[PDB]
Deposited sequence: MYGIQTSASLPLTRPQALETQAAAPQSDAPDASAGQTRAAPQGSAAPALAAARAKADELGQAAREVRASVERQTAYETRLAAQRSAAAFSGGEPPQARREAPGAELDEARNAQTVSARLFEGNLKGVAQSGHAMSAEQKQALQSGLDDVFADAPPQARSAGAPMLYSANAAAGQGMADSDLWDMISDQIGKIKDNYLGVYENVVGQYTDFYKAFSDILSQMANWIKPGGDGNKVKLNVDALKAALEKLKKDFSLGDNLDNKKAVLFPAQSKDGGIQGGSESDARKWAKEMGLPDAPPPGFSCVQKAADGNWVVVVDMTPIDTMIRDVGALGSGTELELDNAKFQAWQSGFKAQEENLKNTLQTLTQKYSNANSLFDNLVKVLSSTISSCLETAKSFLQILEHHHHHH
């Protein structure tokens, strides 16, 4: 019946997601190169340093078709539940086969997101669970999987890209600071540090990688446990005081995953012990630092791509998932 209404949106979601993905995959790529051609320009006197975005603008017309097609689809699945369709036992085995491939060799924080759905699969597939109950638990998890797992990464990358975008903005201005304006350079890095780190009030949301943050609302962290789980999966340092850890407490009392500042923290210091003053550099210490600075640009660049790669994979999983739920739906409808 309304299987068609579900199968239609299924594809719509599939597209919207893939576009968003490609949108983030494109912005990241552009930024990465822009940064490069801004640093080189800064040191190498040479060409000048600036940014123009193409339809590789993640948020825009992209992230929206994904949210609306996801909502509808989740609802439509609540409809497929209401009908009295009785999936041949040979189909449930397919939905169950499809769910496996989807969450088979995938990391830990992913299996946790695909556990409940995978439980329902084996449930009605060979133990005995009413279809209606199956479809619901499904319309339920697609949303939770999109919100908790896929939404996490999308926010993580978005939040991280704003930080990386602000960093590249400093390289552009660095051009006019270089023999050395160790002050303005060290002053900027300090600004990036402050702007993307919980403040003395632990209320700055711009520094939150997890969980997704409101726009005008207060900070909002989750249980200490949940913060660590994620910090780990996306490769961020958890190291206990006085060392550095991306897992920090907010004015919530709860926990958040913060932007890794060590790279900028290293730069904030290396640029320092070249100490101070607005400073004629030895052309041999200059290149002992320039390279000590570029070694950081590398790190930052690697985190952005890494987190970006973590995302696309997470996105490709959601896609394959919808695929399966679409193959099954189509199968049933074909009767």
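Unmodelled segments of the deposited chain, in sequence order: 1 to 46, 96, 226 to 234, 335, 393 to 407.
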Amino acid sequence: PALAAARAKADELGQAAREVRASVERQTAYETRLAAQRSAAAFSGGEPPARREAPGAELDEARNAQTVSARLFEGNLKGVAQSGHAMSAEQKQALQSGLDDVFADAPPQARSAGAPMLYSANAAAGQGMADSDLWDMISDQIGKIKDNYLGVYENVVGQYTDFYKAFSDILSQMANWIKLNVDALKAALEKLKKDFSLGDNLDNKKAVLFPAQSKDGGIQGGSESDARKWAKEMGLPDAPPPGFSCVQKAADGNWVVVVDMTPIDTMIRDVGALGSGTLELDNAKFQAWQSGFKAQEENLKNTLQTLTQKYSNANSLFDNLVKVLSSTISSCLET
From here on, numbers count along this sequence of modelled residues.
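Comparing the deposited coordinates for 223 to 231 and 154 to 162, the stretch with the larger average C-alpha B-factor is 223 to 231. When the two stretches 268 to 276 and 24 to 32 are set side by side, the higher mean Cα temperature factor goes to 268 to 276. When the Cα B-factors of 70, 281, 304, 50 are read from the PDB record, 281 comes out highest. Out of 178, 208, 202, 117, it is 178 whose C-alpha atom has the highest B-factor in the PDB entry. When all modelled residues of the chain are sorted by CA temperature factor, residue 263 is found within the lowest third. Per the deposited record, the Cα B-factor of residue 253 falls in the middle third when ranked against the other modelled residues of its chain. Among the modelled residues of its chain, residue 136 has a C-alpha B-factor that falls in the lowest third according to the deposited record.
Ranked against the other modelled residues of its chain, the C-alpha B-factor of residue 78 as given in the entry falls in the highest third. In this PDB entry, the Cα temperature factor of residue 169 sits in the middle third of its chain's modelled residues.
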